Amino acid sequence: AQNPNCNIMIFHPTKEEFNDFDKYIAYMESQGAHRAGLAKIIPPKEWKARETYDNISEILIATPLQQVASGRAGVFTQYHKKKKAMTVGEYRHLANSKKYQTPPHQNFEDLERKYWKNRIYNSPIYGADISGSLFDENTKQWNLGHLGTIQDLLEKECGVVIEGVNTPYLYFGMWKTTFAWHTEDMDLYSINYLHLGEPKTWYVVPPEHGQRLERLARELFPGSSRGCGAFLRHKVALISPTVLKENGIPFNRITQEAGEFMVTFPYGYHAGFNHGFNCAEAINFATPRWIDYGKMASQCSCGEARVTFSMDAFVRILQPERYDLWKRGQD
Ligand SMILES: O=C(O)CNC(=O)C(=O)O
Ligand SMILES: [Mg+2]
Ligand code: NI
Ligand SMILES: [Zn+2]
C-alpha cells in the first residue's frame, strides 16, 4: 500500500503532465496521496493563472462575514455575523489596518502559535463563498472554471442525467479568518488555488480515520451533537492541533502559499486559517472513486447546513432512503 503513514504529499508536475487534469489526479492517487486527505500541487514554472492581479479591486463582497468565536482557545465554535457590502479594495484596506493586520512574527510556526493562543479574542472578517473566477479564459491547464462537472461525472459513471451546475467560488481572507472542521458536501473532492497574498495553513485528518475526529467532536461539543447527528456539516467547530494530539487523533498540517494548489480528497476532514490578506478560488469535483463516498456520506437534516441547489440530485440518486428526511431539512 502506498503512503501507509498518510503523509501529505507534494507534487511538481511538468507542463506536459499538467495537460490532463483527471489523469494527474489518478496518478497522485496511484502514489497514495489520497490517504492523507490533502495534497499540494506546485504548478510548472511555465504556467500562470492570469497575467496580473492589478485590476481586482472593484469585485464586490456583498456579504462579508465577521467570525465571532465562543469557547476556549483550543476548542471553540464560530458564528458568522453579516456585515455591510464592500469592494475587494475596501476589504484589503481593512485587512491591512492596525485592528486586523498580521502581527510581527518570526516564521510560520510562530504565527501558528499566535493563532491558536489568540484567535478567540478577535473577530476577523472573511469574504467567503463569492461565485466567480480569477482564471483567465485563455488558461487551459488547471483552470478551475473549466473542469468537468460533477453532474457529467455522475452521468458517465451511473448513466443517469441530472439537473444542476458546478461553478467556482472566491474567498478573500485576512489574518485569523478561519475555516472550521469539515468534509465537502456529499464527501466530494475540493481543489483550492491561492491566487495572491499571504499563506493559508491547513490541518487534515486521513479519510480512514475520519470517524475518530467525529467521535472527539461529539465529546467536545455535546449540545451540538444532541442537536444533529452530523453537526460538523454546520461548519462551525474548531479543535486545535494541541487538543487533537492530547486525544490521539491522527492528523497532518501544511502551509499553502500563493501560486500553489491544494486538493482535498473524499471524506478528508480539514480546517485552517489565513495568515493575512489573500484571495483563493475553490470548487468541488468528482472522479469515479468518489461515487462510493457519495453513497455513504452523512447528512445534516436538522436544518442548519442549508446547501446549494445541485446537492438535491446527488442525495436523490445516491441516497434515495435519506432523501425525504434531508429535503425536509432543506425546507
Ligand atoms: O479556503 C477556505 O476558507 C476553505 N476552503 C476549503 O475548505 C476547500 O478548498 O475545500
Ligand atoms: Mg475589479
Ligand atoms: Ni473544504
Ligand atoms: Zn444539522
# chains A, B, ... in the order shown; residues from 1 in each chain; ligands from 1
$ residues_near_ligand --ligand "ligand 3" --cutoff "9 Å" --atoms "only C-alpha atoms and all ligand atoms" --output "list in words"
residues 179, 180, 181, 182, 183, 184, 185, 189, 190, 191, 192, 264, 268, 269, 270, 271, 282, 283 and 284 of chain A
$ write_last_selection --atoms "N, CA and C atoms" --output "mmCIF file, in the first residue's frame"
data_model
loop_
_atom_site.group_PDB
_atom_site.id
_atom_site.type_symbol
_atom_site.label_atom_id
_atom_site.label_comp_id
_atom_site.auth_asym_id
_atom_site.auth_seq_id
_atom_site.Cartn_x
_atom_site.Cartn_y
_atom_site.Cartn_z
ATOM 1 N N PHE A 179 -11.410 28.505 8.652
ATOM 2 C CA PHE A 179 -12.330 27.508 8.107
ATOM 3 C C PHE A 179 -12.404 26.362 9.116
ATOM 4 N N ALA A 180 -13.643 26.082 9.574
ATOM 5 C CA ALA A 180 -13.941 25.107 10.558
ATOM 6 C C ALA A 180 -13.771 23.669 10.036
ATOM 7 N N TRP A 181 -13.656 22.707 10.934
ATOM 8 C CA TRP A 181 -13.503 21.293 10.572
ATOM 9 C C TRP A 181 -14.683 20.806 9.755
ATOM 10 N N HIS A 182 -14.414 20.274 8.573
ATOM 11 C CA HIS A 182 -15.480 19.774 7.670
ATOM 12 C C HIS A 182 -14.912 18.843 6.663
ATOM 13 N N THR A 183 -15.802 18.000 6.082
ATOM 14 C CA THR A 183 -15.598 17.415 4.755
ATOM 15 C C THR A 183 -16.456 18.138 3.740
ATOM 16 N N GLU A 184 -16.268 17.933 2.460
ATOM 17 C CA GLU A 184 -17.056 18.595 1.443
ATOM 18 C C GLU A 184 -18.452 18.065 1.428
ATOM 19 N N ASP A 185 -19.344 18.849 0.806
ATOM 20 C CA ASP A 185 -20.728 18.371 0.505
ATOM 21 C C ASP A 185 -20.640 17.009 -0.167
ATOM 22 N N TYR A 189 -14.477 15.733 -3.659
ATOM 23 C CA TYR A 189 -13.137 16.368 -3.617
ATOM 24 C C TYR A 189 -13.343 17.861 -3.585
ATOM 25 N N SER A 190 -12.287 18.600 -3.184
ATOM 26 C CA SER A 190 -12.185 20.030 -3.493
ATOM 27 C C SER A 190 -10.821 20.329 -4.065
ATOM 28 N N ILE A 191 -10.712 21.399 -4.820
ATOM 29 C CA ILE A 191 -9.437 21.936 -5.265
ATOM 30 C C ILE A 191 -9.447 23.418 -4.965
ATOM 31 N N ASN A 192 -8.352 23.932 -4.442
ATOM 32 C CA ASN A 192 -8.221 25.302 -3.980
ATOM 33 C C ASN A 192 -6.929 25.897 -4.497
ATOM 34 N N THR A 264 -8.293 18.477 -1.664
ATOM 35 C CA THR A 264 -8.828 17.649 -0.620
ATOM 36 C C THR A 264 -9.553 16.467 -1.211
ATOM 37 N N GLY A 268 -11.919 13.582 3.617
ATOM 38 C CA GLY A 268 -10.756 14.163 4.309
ATOM 39 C C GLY A 268 -11.198 15.386 5.083
ATOM 40 N N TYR A 269 -11.364 15.245 6.376
ATOM 41 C CA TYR A 269 -11.708 16.405 7.238
ATOM 42 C C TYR A 269 -10.594 17.415 7.207
ATOM 43 N N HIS A 270 -10.901 18.690 7.090
ATOM 44 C CA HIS A 270 -9.886 19.724 7.065
ATOM 45 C C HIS A 270 -10.410 20.963 7.769
ATOM 46 N N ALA A 271 -9.443 21.821 8.201
ATOM 47 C CA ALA A 271 -9.676 23.090 8.880
ATOM 48 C C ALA A 271 -8.462 23.939 8.685
ATOM 49 N N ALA A 282 -11.898 28.141 -5.181
ATOM 50 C CA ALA A 282 -12.056 26.718 -4.936
ATOM 51 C C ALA A 282 -13.336 26.213 -5.574
ATOM 52 N N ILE A 283 -13.343 24.918 -5.875
ATOM 53 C CA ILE A 283 -14.507 24.262 -6.445
ATOM 54 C C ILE A 283 -14.477 22.807 -6.033
ATOM 55 N N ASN A 284 -15.665 22.185 -5.937
ATOM 56 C CA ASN A 284 -15.781 20.732 -5.775
ATOM 57 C C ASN A 284 -15.684 20.016 -7.102
#
$ residues_near_ligand --ligand "ligand 2" --cutoff "6 Å" --atoms "only C-alpha atoms and all ligand atoms" --output "PyMOL selection string"
chain A and resi 55-59
$ write_last_selection --atoms "N, CA, C and O atoms" --output "CSV table (one decimal), in the first residue's frame"
chain,number,residue,atom,x,y,z
A,55,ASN,N,-6.1,44.5,-11.3
A,55,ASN,CA,-7.4,45.1,-11.6
A,55,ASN,C,-8.7,44.4,-10.9
A,55,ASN,O,-9.8,44.4,-11.4
A,56,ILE,N,-8.4,43.9,-9.7
A,56,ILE,CA,-9.4,43.1,-9.0
A,56,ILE,C,-10.2,43.9,-7.9
A,56,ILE,O,-11.0,43.4,-7.2
A,57,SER,N,-9.8,45.2,-7.7
A,57,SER,CA,-10.3,45.9,-6.5
A,57,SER,C,-11.8,46.3,-6.5
A,57,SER,O,-12.3,46.6,-5.5
A,58,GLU,N,-12.4,46.2,-7.7
A,58,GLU,CA,-13.8,46.5,-7.8
A,58,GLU,C,-14.7,45.3,-7.7
A,58,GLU,O,-16.0,45.5,-7.8
A,59,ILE,N,-14.2,44.1,-7.6
A,59,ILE,CA,-15.0,43.0,-7.2
A,59,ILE,C,-15.8,43.3,-5.9
A,59,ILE,O,-15.2,43.9,-5.0
$ closest_residue --among "A:287, A:178, A:139, A:278" --to "ligand 1" --atoms "only C-alpha atoms and all ligand atoms"
A:178
$ atom_distance --atom1 "CA of residue 253 in chain A" --atom2 "atom 6 (C, counted along the ligand's line) of ligand 1"
14.1 Å
$ residues_near_ligand --ligand "ligand 4" --cutoff "12 Å" --atoms "only C-alpha atoms and all ligand atoms" --output "PyMOL selection string"
chain A and resi 223-236+298-307+325-326+328-330
$ residues_around --residues "residue 78 in chain A" --least-positions-apart "6" --cutoff "7 Å" --atoms "only C-alpha atoms" --output "JSON, numbers by chain"
{"A": [67, 68, 69, 70, 236, 237]}
$ atom_distance --atom1 "CA of residue 272 in chain A" --atom2 "CA of residue 197 in chain A"
16.0 Å
$ closest_residue --among "A:275, A:200, A:176, A:327" --to "ligand 1" --atoms "only C-alpha atoms and all ligand atoms"
A:200
$ residues_around --residues "residue 169 in chain A" --least-positions-apart "5" --cutoff "7 Å" --atoms "only C-alpha atoms" --output "PyMOL selection string"
chain A and resi 129-133+281-283
$ write_last_selection --atoms "C-alpha atoms" --output "PDB file, in the first residue's frame"
ATOM      1  CA  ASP A 129     -18.187  31.972  -0.827  1.00  0.00           C
ATOM      2  CA  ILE A 130     -18.391  34.555  -3.728  1.00  0.00           C
ATOM      3  CA  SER A 131     -19.445  32.941  -7.032  1.00  0.00           C
ATOM      4  CA  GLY A 132     -16.845  33.777  -9.691  1.00  0.00           C
ATOM      5  CA  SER A 133     -13.374  33.088 -11.124  1.00  0.00           C
ATOM      6  CA  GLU A 281     -10.549  30.135  -5.570  1.00  0.00           C
ATOM      7  CA  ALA A 282     -12.056  26.718  -4.936  1.00  0.00           C
ATOM      8  CA  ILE A 283     -14.507  24.262  -6.445  1.00  0.00           C
TER       9      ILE A 283
END
$ residues_around --residues "residue 216 in chain A" --least-positions-apart "4" --cutoff "8 Å" --atoms "only C-alpha atoms" --output "VMD selection string"
chain A and resid 212 220 247
$ select_by_dssp --residues "range 200-291 of chain A" --states "alpha helix (DSSP H)" --output "ChimeraX atom specification"
/A:210-220,222-227,241-246,290-291
$ write_last_selection --atoms "N, CA, C and O atoms" --output "compact mmCIF listing (two decimals), in the first residue's frame"
# COMPACT_ATOMS: atom_id res chain seq x y z
N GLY A 210 -11.45 9.39 9.77
CA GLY A 210 -12.39 10.48 9.99
C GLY A 210 -13.35 10.24 11.12
O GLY A 210 -13.74 11.19 11.83
N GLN A 211 -13.75 9.00 11.33
CA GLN A 211 -14.71 8.73 12.43
C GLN A 211 -14.07 9.00 13.80
O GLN A 211 -14.78 9.28 14.78
N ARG A 212 -12.75 8.96 13.93
CA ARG A 212 -12.09 9.32 15.21
C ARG A 212 -12.26 10.79 15.47
O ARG A 212 -12.52 11.19 16.64
N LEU A 213 -12.13 11.64 14.46
CA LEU A 213 -12.41 13.02 14.66
C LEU A 213 -13.89 13.27 15.01
O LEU A 213 -14.17 14.09 15.91
N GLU A 214 -14.77 12.61 14.33
CA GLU A 214 -16.21 12.75 14.68
C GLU A 214 -16.53 12.35 16.13
O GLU A 214 -17.27 13.11 16.81
N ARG A 215 -15.92 11.31 16.61
CA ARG A 215 -16.19 10.91 18.00
C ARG A 215 -15.63 11.92 18.93
O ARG A 215 -16.28 12.25 19.93
N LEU A 216 -14.45 12.49 18.73
CA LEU A 216 -13.95 13.56 19.57
C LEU A 216 -14.85 14.73 19.51
O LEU A 216 -15.12 15.38 20.56
N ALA A 217 -15.26 15.15 18.32
CA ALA A 217 -16.14 16.28 18.20
C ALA A 217 -17.44 16.10 19.01
O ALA A 217 -17.93 17.09 19.64
N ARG A 218 -18.00 14.91 18.96
CA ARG A 218 -19.25 14.71 19.79
C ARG A 218 -18.94 14.90 21.28
O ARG A 218 -19.80 15.47 22.00
N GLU A 219 -17.78 14.47 21.75
CA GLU A 219 -17.39 14.67 23.16
C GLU A 219 -17.20 16.12 23.46
O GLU A 219 -17.54 16.57 24.59
N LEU A 220 -16.57 16.89 22.60
CA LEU A 220 -16.20 18.28 22.85
C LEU A 220 -17.30 19.29 22.66
O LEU A 220 -17.23 20.42 23.19
N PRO A 222 -20.99 18.67 23.09
CA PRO A 222 -22.01 17.70 23.37
C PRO A 222 -23.52 18.23 23.07
O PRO A 222 -24.25 17.43 22.56
N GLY A 223 -23.76 19.45 23.32
CA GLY A 223 -25.09 20.05 22.94
C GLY A 223 -25.30 20.00 21.43
O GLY A 223 -26.36 19.60 20.90
N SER A 224 -24.27 20.35 20.70
CA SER A 224 -24.39 20.33 19.20
C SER A 224 -24.62 18.92 18.72
O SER A 224 -25.41 18.71 17.77
N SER A 225 -23.98 17.95 19.30
CA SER A 225 -24.10 16.59 18.89
C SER A 225 -25.53 16.05 19.16
O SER A 225 -26.09 15.36 18.31
N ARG A 226 -26.12 16.42 20.30
CA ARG A 226 -27.54 16.06 20.55
C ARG A 226 -28.47 16.71 19.55
O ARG A 226 -29.47 16.09 19.20
N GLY A 227 -28.16 17.89 19.11
CA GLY A 227 -28.98 18.61 18.12
C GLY A 227 -29.00 18.04 16.74
O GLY A 227 -29.97 18.24 15.95
N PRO A 241 -4.53 21.81 17.06
CA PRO A 241 -3.61 20.66 16.97
C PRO A 241 -3.21 20.12 18.34
O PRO A 241 -2.98 18.90 18.49
N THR A 242 -3.03 21.00 19.32
CA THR A 242 -2.68 20.52 20.67
C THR A 242 -3.76 19.59 21.24
O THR A 242 -3.49 18.54 21.83
N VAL A 243 -5.03 20.00 21.08
CA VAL A 243 -6.10 19.16 21.57
C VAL A 243 -6.23 17.86 20.80
O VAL A 243 -6.51 16.79 21.35
N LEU A 244 -6.03 17.91 19.46
CA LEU A 244 -6.05 16.68 18.67
C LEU A 244 -4.93 15.72 19.20
O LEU A 244 -5.20 14.53 19.33
N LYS A 245 -3.74 16.26 19.39
CA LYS A 245 -2.60 15.39 19.90
C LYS A 245 -2.94 14.83 21.27
O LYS A 245 -2.73 13.61 21.52
N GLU A 246 -3.57 15.61 22.13
CA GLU A 246 -3.86 15.11 23.50
C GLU A 246 -4.81 14.00 23.48
O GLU A 246 -4.87 13.14 24.38
N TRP A 290 -14.90 8.65 -6.23
CA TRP A 290 -15.82 9.37 -5.28
C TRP A 290 -17.16 8.69 -5.10
O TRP A 290 -17.76 8.83 -4.03
N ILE A 291 -17.67 7.99 -6.16
CA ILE A 291 -19.09 7.57 -6.10
C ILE A 291 -19.42 6.79 -4.79
O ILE A 291 -20.43 7.09 -4.16
$ closest_residue --among "A:79, A:47, A:221, A:24" --to "residue 138 in chain A" --atoms "only C-alpha atoms"
A:47
$ select_by_dssp --residues "range 140-251 of chain A" --states "strand (DSSP E)" --output "VMD selection string"
chain A and resid 169 to 173 178 to 182 189 to 197 200 to 205 237 to 239
$ write_last_selection --atoms "N, CA and C atoms" --output "PDB file, in the first residue's frame"
ATOM      1  N   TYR A 169     -15.872  29.309  -6.511  1.00  0.00           N
ATOM      2  CA  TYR A 169     -16.097  30.341  -5.535  1.00  0.00           C
ATOM      3  C   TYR A 169     -14.779  31.013  -5.101  1.00  0.00           C
ATOM      4  N   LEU A 170     -14.861  32.302  -4.936  1.00  0.00           N
ATOM      5  CA  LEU A 170     -13.716  33.127  -4.466  1.00  0.00           C
ATOM      6  C   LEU A 170     -13.840  33.358  -2.973  1.00  0.00           C
ATOM      7  N   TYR A 171     -12.688  33.429  -2.300  1.00  0.00           N
ATOM      8  CA  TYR A 171     -12.543  33.668  -0.872  1.00  0.00           C
ATOM      9  C   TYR A 171     -11.548  34.721  -0.674  1.00  0.00           C
ATOM     10  N   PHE A 172     -11.910  35.836  -0.070  1.00  0.00           N
ATOM     11  CA  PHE A 172     -10.975  36.913   0.304  1.00  0.00           C
ATOM     12  C   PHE A 172     -10.801  36.832   1.801  1.00  0.00           C
ATOM     13  N   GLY A 173      -9.554  36.623   2.271  1.00  0.00           N
ATOM     14  CA  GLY A 173      -9.221  36.370   3.714  1.00  0.00           C
ATOM     15  C   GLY A 173      -8.377  37.495   4.283  1.00  0.00           C
ATOM     16  N   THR A 178     -10.870  31.925   9.457  1.00  0.00           N
ATOM     17  CA  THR A 178     -10.885  30.544   9.858  1.00  0.00           C
ATOM     18  C   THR A 178     -11.848  29.684   9.098  1.00  0.00           C
ATOM     19  N   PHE A 179     -11.410  28.505   8.652  1.00  0.00           N
ATOM     20  CA  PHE A 179     -12.330  27.508   8.107  1.00  0.00           C
ATOM     21  C   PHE A 179     -12.404  26.362   9.116  1.00  0.00           C
ATOM     22  N   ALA A 180     -13.643  26.082   9.574  1.00  0.00           N
ATOM     23  CA  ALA A 180     -13.941  25.107  10.558  1.00  0.00           C
ATOM     24  C   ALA A 180     -13.771  23.669  10.036  1.00  0.00           C
ATOM     25  N   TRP A 181     -13.656  22.707  10.934  1.00  0.00           N
ATOM     26  CA  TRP A 181     -13.503  21.293  10.572  1.00  0.00           C
ATOM     27  C   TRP A 181     -14.683  20.806   9.755  1.00  0.00           C
ATOM     28  N   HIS A 182     -14.414  20.274   8.573  1.00  0.00           N
ATOM     29  CA  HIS A 182     -15.480  19.774   7.670  1.00  0.00           C
ATOM     30  C   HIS A 182     -14.912  18.843   6.663  1.00  0.00           C
ATOM     31  N   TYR A 189     -14.477  15.733  -3.659  1.00  0.00           N
ATOM     32  CA  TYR A 189     -13.137  16.368  -3.617  1.00  0.00           C
ATOM     33  C   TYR A 189     -13.343  17.861  -3.585  1.00  0.00           C
ATOM     34  N   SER A 190     -12.287  18.600  -3.184  1.00  0.00           N
ATOM     35  CA  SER A 190     -12.185  20.030  -3.493  1.00  0.00           C
ATOM     36  C   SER A 190     -10.821  20.329  -4.065  1.00  0.00           C
ATOM     37  N   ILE A 191     -10.712  21.399  -4.820  1.00  0.00           N
ATOM     38  CA  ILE A 191      -9.437  21.936  -5.265  1.00  0.00           C
ATOM     39  C   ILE A 191      -9.447  23.418  -4.965  1.00  0.00           C
ATOM     40  N   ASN A 192      -8.352  23.932  -4.442  1.00  0.00           N
ATOM     41  CA  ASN A 192      -8.221  25.302  -3.980  1.00  0.00           C
ATOM     42  C   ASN A 192      -6.929  25.897  -4.497  1.00  0.00           C
ATOM     43  N   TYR A 193      -7.005  26.990  -5.232  1.00  0.00           N
ATOM     44  CA  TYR A 193      -5.843  27.739  -5.725  1.00  0.00           C
ATOM     45  C   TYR A 193      -5.722  29.052  -4.972  1.00  0.00           C
ATOM     46  N   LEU A 194      -4.519  29.287  -4.393  1.00  0.00           N
ATOM     47  CA  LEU A 194      -4.257  30.536  -3.710  1.00  0.00           C
ATOM     48  C   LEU A 194      -3.734  31.534  -4.731  1.00  0.00           C
ATOM     49  N   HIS A 195      -4.572  32.433  -5.193  1.00  0.00           N
ATOM     50  CA  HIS A 195      -4.216  33.368  -6.279  1.00  0.00           C
ATOM     51  C   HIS A 195      -3.195  34.376  -5.814  1.00  0.00           C
ATOM     52  N   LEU A 196      -3.331  34.933  -4.635  1.00  0.00           N
ATOM     53  CA  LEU A 196      -2.452  36.054  -4.268  1.00  0.00           C
ATOM     54  C   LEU A 196      -2.475  36.139  -2.766  1.00  0.00           C
ATOM     55  N   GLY A 197      -1.468  36.857  -2.277  1.00  0.00           N
ATOM     56  CA  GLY A 197      -1.371  37.330  -0.928  1.00  0.00           C
ATOM     57  C   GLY A 197      -0.731  36.361   0.036  1.00  0.00           C
ATOM     58  N   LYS A 200      -2.051  30.299   3.669  1.00  0.00           N
ATOM     59  CA  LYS A 200      -3.189  29.583   4.305  1.00  0.00           C
ATOM     60  C   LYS A 200      -2.626  28.345   4.951  1.00  0.00           C
ATOM     61  N   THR A 201      -2.798  28.146   6.264  1.00  0.00           N
ATOM     62  CA  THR A 201      -2.382  26.911   6.917  1.00  0.00           C
ATOM     63  C   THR A 201      -3.558  25.926   7.017  1.00  0.00           C
ATOM     64  N   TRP A 202      -3.325  24.703   6.684  1.00  0.00           N
ATOM     65  CA  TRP A 202      -4.303  23.619   6.673  1.00  0.00           C
ATOM     66  C   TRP A 202      -3.988  22.580   7.677  1.00  0.00           C
ATOM     67  N   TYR A 203      -5.003  21.968   8.261  1.00  0.00           N
ATOM     68  CA  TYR A 203      -4.953  20.757   9.066  1.00  0.00           C
ATOM     69  C   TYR A 203      -5.857  19.707   8.415  1.00  0.00           C
ATOM     70  N   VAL A 204      -5.501  18.444   8.466  1.00  0.00           N
ATOM     71  CA  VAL A 204      -6.298  17.405   7.791  1.00  0.00           C
ATOM     72  C   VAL A 204      -6.211  16.090   8.527  1.00  0.00           C
ATOM     73  N   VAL A 205      -7.331  15.364   8.595  1.00  0.00           N
ATOM     74  CA  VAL A 205      -7.399  14.008   9.149  1.00  0.00           C
ATOM     75  C   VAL A 205      -7.502  13.023   8.020  1.00  0.00           C
ATOM     76  N   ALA A 237     -17.175  24.308  14.005  1.00  0.00           N
ATOM     77  CA  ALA A 237     -16.379  23.830  15.138  1.00  0.00           C
ATOM     78  C   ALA A 237     -14.892  23.799  14.841  1.00  0.00           C
ATOM     79  N   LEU A 238     -14.138  24.300  15.792  1.00  0.00           N
ATOM     80  CA  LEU A 238     -12.666  24.297  15.734  1.00  0.00           C
ATOM     81  C   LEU A 238     -12.051  23.522  16.869  1.00  0.00           C
ATOM     82  N   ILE A 239     -11.021  22.755  16.600  1.00  0.00           N
ATOM     83  CA  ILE A 239     -10.267  21.981  17.579  1.00  0.00           C
ATOM     84  C   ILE A 239      -8.820  22.157  17.235  1.00  0.00           C
TER      85      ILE A 239
END
$ atom_distance --atom1 "CA of residue 72 in chain A" --atom2 "CA of residue 120 in chain A"
7.4 Å
$ closest_residue --among "A:42, A:33, A:60, A:65" --to "ligand 1" --atoms "only C-alpha atoms and all ligand atoms"
A:65
$ closest_residue --among "A:308, A:151, A:177, A:77" --to "ligand 1" --atoms "only C-alpha atoms and all ligand atoms"
A:177
$ closest_residue --among "A:127, A:259, A:4, A:159" --to "ligand 1" --atoms "only C-alpha atoms and all ligand atoms"
A:127
$ residues_around --residues "residue 143 in chain A" --least-positions-apart "6" --cutoff "10 Å" --atoms "only C-alpha atoms" --output "MDAnalysis selection string"
chainID A and resid 21 48:50 133:137 193
$ decode --residues "range 226-240 of chain A" --atoms "N, CA, C and O atoms" --output "PDB file, in the first residue's frame"
ATOM      1  N   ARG A 226     -26.124  16.421  20.300  1.00  0.00           N
ATOM      2  CA  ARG A 226     -27.537  16.057  20.547  1.00  0.00           C
ATOM      3  C   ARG A 226     -28.472  16.710  19.553  1.00  0.00           C
ATOM      4  O   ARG A 226     -29.465  16.095  19.197  1.00  0.00           O
ATOM      5  N   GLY A 227     -28.162  17.889  19.113  1.00  0.00           N
ATOM      6  CA  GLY A 227     -28.981  18.613  18.121  1.00  0.00           C
ATOM      7  C   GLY A 227     -28.997  18.035  16.736  1.00  0.00           C
ATOM      8  O   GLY A 227     -29.967  18.238  15.954  1.00  0.00           O
ATOM      9  N   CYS A 228     -27.890  17.353  16.355  1.00  0.00           N
ATOM     10  CA  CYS A 228     -27.730  16.906  14.979  1.00  0.00           C
ATOM     11  C   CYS A 228     -26.702  15.818  14.893  1.00  0.00           C
ATOM     12  O   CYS A 228     -25.561  16.021  15.361  1.00  0.00           O
ATOM     13  N   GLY A 229     -27.041  14.721  14.205  1.00  0.00           N
ATOM     14  CA  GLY A 229     -26.178  13.569  14.080  1.00  0.00           C
ATOM     15  C   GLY A 229     -25.010  13.776  13.107  1.00  0.00           C
ATOM     16  O   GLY A 229     -24.175  12.863  13.012  1.00  0.00           O
ATOM     17  N   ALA A 230     -24.988  14.923  12.448  1.00  0.00           N
ATOM     18  CA  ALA A 230     -23.894  15.318  11.506  1.00  0.00           C
ATOM     19  C   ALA A 230     -23.541  16.787  11.619  1.00  0.00           C
ATOM     20  O   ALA A 230     -23.418  17.522  10.687  1.00  0.00           O
ATOM     21  N   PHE A 231     -23.406  17.271  12.888  1.00  0.00           N
ATOM     22  CA  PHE A 231     -23.242  18.680  13.110  1.00  0.00           C
ATOM     23  C   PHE A 231     -21.943  19.352  12.557  1.00  0.00           C
ATOM     24  O   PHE A 231     -21.945  20.511  12.365  1.00  0.00           O
ATOM     25  N   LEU A 232     -20.949  18.480  12.231  1.00  0.00           N
ATOM     26  CA  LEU A 232     -19.791  19.093  11.532  1.00  0.00           C
ATOM     27  C   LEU A 232     -20.117  19.633  10.124  1.00  0.00           C
ATOM     28  O   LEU A 232     -19.470  20.601   9.721  1.00  0.00           O
ATOM     29  N   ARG A 233     -21.245  19.177   9.592  1.00  0.00           N
ATOM     30  CA  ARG A 233     -21.780  19.792   8.337  1.00  0.00           C
ATOM     31  C   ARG A 233     -22.176  21.213   8.523  1.00  0.00           C
ATOM     32  O   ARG A 233     -22.307  21.966   7.555  1.00  0.00           O
ATOM     33  N   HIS A 234     -22.350  21.709   9.767  1.00  0.00           N
ATOM     34  CA  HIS A 234     -22.650  23.110  10.009  1.00  0.00           C
ATOM     35  C   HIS A 234     -21.482  24.019   9.781  1.00  0.00           C
ATOM     36  O   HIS A 234     -21.610  25.219   9.689  1.00  0.00           O
ATOM     37  N   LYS A 235     -20.251  23.448   9.809  1.00  0.00           N
ATOM     38  CA  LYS A 235     -19.053  24.177   9.569  1.00  0.00           C
ATOM     39  C   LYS A 235     -18.807  25.321  10.517  1.00  0.00           C
ATOM     40  O   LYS A 235     -18.475  26.429  10.156  1.00  0.00           O
ATOM     41  N   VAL A 236     -18.852  25.013  11.810  1.00  0.00           N
ATOM     42  CA  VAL A 236     -18.661  25.965  12.894  1.00  0.00           C
ATOM     43  C   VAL A 236     -17.720  25.502  13.973  1.00  0.00           C
ATOM     44  O   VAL A 236     -17.410  26.377  14.813  1.00  0.00           O
ATOM     45  N   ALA A 237     -17.175  24.308  14.005  1.00  0.00           N
ATOM     46  CA  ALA A 237     -16.379  23.830  15.138  1.00  0.00           C
ATOM     47  C   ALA A 237     -14.892  23.799  14.841  1.00  0.00           C
ATOM     48  O   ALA A 237     -14.451  23.333  13.771  1.00  0.00           O
ATOM     49  N   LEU A 238     -14.138  24.300  15.792  1.00  0.00           N
ATOM     50  CA  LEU A 238     -12.666  24.297  15.734  1.00  0.00           C
ATOM     51  C   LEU A 238     -12.051  23.522  16.869  1.00  0.00           C
ATOM     52  O   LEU A 238     -12.529  23.677  18.031  1.00  0.00           O
ATOM     53  N   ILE A 239     -11.021  22.755  16.600  1.00  0.00           N
ATOM     54  CA  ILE A 239     -10.267  21.981  17.579  1.00  0.00           C
ATOM     55  C   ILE A 239      -8.820  22.157  17.235  1.00  0.00           C
ATOM     56  O   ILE A 239      -8.447  21.944  16.046  1.00  0.00           O
ATOM     57  N   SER A 240      -7.972  22.567  18.165  1.00  0.00           N
ATOM     58  CA  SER A 240      -6.556  22.868  17.868  1.00  0.00           C
ATOM     59  C   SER A 240      -5.728  21.666  17.700  1.00  0.00           C
ATOM     60  O   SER A 240      -6.056  20.589  18.168  1.00  0.00           O
TER      61      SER A 240
END
